[PDB]
Amino acid sequence: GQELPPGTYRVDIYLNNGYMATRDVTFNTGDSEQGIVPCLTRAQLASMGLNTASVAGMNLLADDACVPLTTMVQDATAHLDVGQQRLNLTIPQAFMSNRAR
């Protein structure tokens, strides 16, 4: 349920079990494992190759929005592993441009 109150955490984004970036990632309160989710933006998402054009309503919002990645996209997730500082991430191939580098 809620098992981690909000803030920012220094971790490694791991999309589809592939390291993307190392940074702090602010979270806001939410619904999933921890009860919180990261403040991933248009730029940050599209950097992993997240296809904003696959989701009519993503491709118009701010490059520093708290995008509802896991509420406007299905099957994706953003599990903050605090224990390993590994922001375990997924995106379905549908919402991928062609390359997640």
# chains A, B, ... in the order shown; residues from 1 in each chain; ligands from 1
>>> closest_atom_pairs(of="region 66-92 of chain A", to="region 32-56 of chain A", cutoff="7 Å", atoms="only C-alpha atoms", output="JSON lines")
{"residue": "A:66", "atom": "CA", "partner": "A:39", "partner_atom": "CA", "distance": 4.4}
{"residue": "A:67", "atom": "CA", "partner": "A:41", "partner_atom": "CA", "distance": 5.4}
{"residue": "A:78", "atom": "CA", "partner": "A:37", "partner_atom": "CA", "distance": 6.5}
>>> residues_around(residues="residue 17 (chain A)", least_positions_apart="4", cutoff="12 Å", atoms="only C-alpha atoms", output="VMD selection string")
chain A and resid 12 to 13 48 77 to 79 86 to 91 100 to 101
>>> select_by_dssp(residues="region 20-90 of chain A", states="strand (DSSP E or B)", output="PyMOL selection string")
chain A and resi 20-29+36-38+50+77-81+86-90
>>> write_last_selection(atoms="N, CA and C atoms", output="PDB file, in the first residue's frame")
ATOM      1  N   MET A  20      19.562   3.354 -17.954  1.00  0.00           N
ATOM      2  CA  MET A  20      19.341   4.542 -18.774  1.00  0.00           C
ATOM      3  C   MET A  20      20.137   5.728 -18.220  1.00  0.00           C
ATOM      4  N   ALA A  21      19.849   6.164 -16.989  1.00  0.00           N
ATOM      5  CA  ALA A  21      20.448   7.354 -16.390  1.00  0.00           C
ATOM      6  C   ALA A  21      20.566   7.189 -14.881  1.00  0.00           C
ATOM      7  N   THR A  22      21.446   7.980 -14.278  1.00  0.00           N
ATOM      8  CA  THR A  22      21.671   8.050 -12.841  1.00  0.00           C
ATOM      9  C   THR A  22      21.349   9.476 -12.438  1.00  0.00           C
ATOM     10  N   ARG A  23      20.467   9.665 -11.465  1.00  0.00           N
ATOM     11  CA  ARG A  23      20.077  10.986 -10.986  1.00  0.00           C
ATOM     12  C   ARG A  23      19.216  10.809  -9.755  1.00  0.00           C
ATOM     13  N   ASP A  24      18.848  11.926  -9.147  1.00  0.00           N
ATOM     14  CA  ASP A  24      17.704  11.966  -8.265  1.00  0.00           C
ATOM     15  C   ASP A  24      16.442  12.004  -9.120  1.00  0.00           C
ATOM     16  N   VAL A  25      15.380  11.409  -8.595  1.00  0.00           N
ATOM     17  CA  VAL A  25      14.098  11.245  -9.247  1.00  0.00           C
ATOM     18  C   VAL A  25      13.088  11.570  -8.156  1.00  0.00           C
ATOM     19  N   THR A  26      12.484  12.753  -8.220  1.00  0.00           N
ATOM     20  CA  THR A  26      11.405  13.115  -7.314  1.00  0.00           C
ATOM     21  C   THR A  26      10.255  12.144  -7.570  1.00  0.00           C
ATOM     22  N   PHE A  27       9.534  11.706  -6.544  1.00  0.00           N
ATOM     23  CA  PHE A  27       8.293  10.965  -6.605  1.00  0.00           C
ATOM     24  C   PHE A  27       7.120  11.795  -6.044  1.00  0.00           C
ATOM     25  N   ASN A  28       5.877  11.435  -6.398  1.00  0.00           N
ATOM     26  CA  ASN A  28       4.631  11.926  -5.784  1.00  0.00           C
ATOM     27  C   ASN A  28       3.800  10.720  -5.365  1.00  0.00           C
ATOM     28  N   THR A  29       2.891  10.914  -4.407  1.00  0.00           N
ATOM     29  CA  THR A  29       2.080   9.845  -3.845  1.00  0.00           C
ATOM     30  C   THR A  29       1.182   9.272  -4.955  1.00  0.00           C
ATOM     31  N   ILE A  36       3.878   5.344  -4.091  1.00  0.00           N
ATOM     32  CA  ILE A  36       4.480   6.543  -4.668  1.00  0.00           C
ATOM     33  C   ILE A  36       4.992   6.210  -6.084  1.00  0.00           C
ATOM     34  N   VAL A  37       5.132   7.193  -6.986  1.00  0.00           N
ATOM     35  CA  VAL A  37       5.745   7.012  -8.318  1.00  0.00           C
ATOM     36  C   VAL A  37       6.635   8.214  -8.708  1.00  0.00           C
ATOM     37  N   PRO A  38       7.711   8.026  -9.501  1.00  0.00           N
ATOM     38  CA  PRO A  38       8.620   9.089  -9.948  1.00  0.00           C
ATOM     39  C   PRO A  38       7.976  10.102 -10.923  1.00  0.00           C
ATOM     40  N   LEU A  50      10.764   6.272 -24.930  1.00  0.00           N
ATOM     41  CA  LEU A  50       9.315   6.210 -24.713  1.00  0.00           C
ATOM     42  C   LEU A  50       8.631   6.961 -25.851  1.00  0.00           C
ATOM     43  N   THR A  77       5.768   0.353 -15.568  1.00  0.00           N
ATOM     44  CA  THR A  77       5.851   0.514 -14.125  1.00  0.00           C
ATOM     45  C   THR A  77       7.127   1.323 -13.831  1.00  0.00           C
ATOM     46  N   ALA A  78       7.301   1.829 -12.603  1.00  0.00           N
ATOM     47  CA  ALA A  78       8.521   2.461 -12.110  1.00  0.00           C
ATOM     48  C   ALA A  78       8.730   2.098 -10.626  1.00  0.00           C
ATOM     49  N   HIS A  79       9.180   0.867 -10.407  1.00  0.00           N
ATOM     50  CA  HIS A  79       9.543   0.282  -9.118  1.00  0.00           C
ATOM     51  C   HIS A  79      10.867   0.902  -8.665  1.00  0.00           C
ATOM     52  N   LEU A  80      10.842   1.732  -7.621  1.00  0.00           N
ATOM     53  CA  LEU A  80      12.069   2.189  -6.973  1.00  0.00           C
ATOM     54  C   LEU A  80      12.485   1.024  -6.088  1.00  0.00           C
ATOM     55  N   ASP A  81      13.558   0.339  -6.461  1.00  0.00           N
ATOM     56  CA  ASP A  81      14.299  -0.503  -5.540  1.00  0.00           C
ATOM     57  C   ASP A  81      15.189   0.437  -4.740  1.00  0.00           C
ATOM     58  N   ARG A  86      17.920   1.042  -7.584  1.00  0.00           N
ATOM     59  CA  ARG A  86      17.685   0.666  -8.969  1.00  0.00           C
ATOM     60  C   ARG A  86      16.224   0.883  -9.289  1.00  0.00           C
ATOM     61  N   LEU A  87      15.949   1.966 -10.007  1.00  0.00           N
ATOM     62  CA  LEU A  87      14.611   2.370 -10.368  1.00  0.00           C
ATOM     63  C   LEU A  87      14.208   1.505 -11.559  1.00  0.00           C
ATOM     64  N   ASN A  88      13.827   0.278 -11.215  1.00  0.00           N
ATOM     65  CA  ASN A  88      13.303  -0.790 -12.045  1.00  0.00           C
ATOM     66  C   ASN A  88      12.135  -0.226 -12.820  1.00  0.00           C
ATOM     67  N   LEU A  89      12.244  -0.261 -14.132  1.00  0.00           N
ATOM     68  CA  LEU A  89      11.298   0.357 -15.018  1.00  0.00           C
ATOM     69  C   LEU A  89      10.961  -0.614 -16.128  1.00  0.00           C
ATOM     70  N   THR A  90       9.758  -0.487 -16.659  1.00  0.00           N
ATOM     71  CA  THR A  90       9.324  -1.221 -17.829  1.00  0.00           C
ATOM     72  C   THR A  90       8.541  -0.255 -18.700  1.00  0.00           C
TER      73      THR A  90
END
>>> closest_residue(among="A:16, A:9, A:63, A:3", to="residue 93 (chain A)", atoms="only C-alpha atoms")
A:16
>>> select_by_dssp(residues="region 6-98 of chain A", states="helix (DSSP H, G or I)", output="ChimeraX atom specification")
/A:42-47,52-54,69-72,93-95
>>> atom_distance(atom1="CA of residue 59 (chain A)", atom2="CA of residue 8 (chain A)")
25.1 Å
>>> atom_distance(atom1="CA of residue 64 (chain A)", atom2="CA of residue 92 (chain A)")
22.3 Å
>>> atom_distance(atom1="CA of residue 98 (chain A)", atom2="CA of residue 10 (chain A)")
27.9 Å
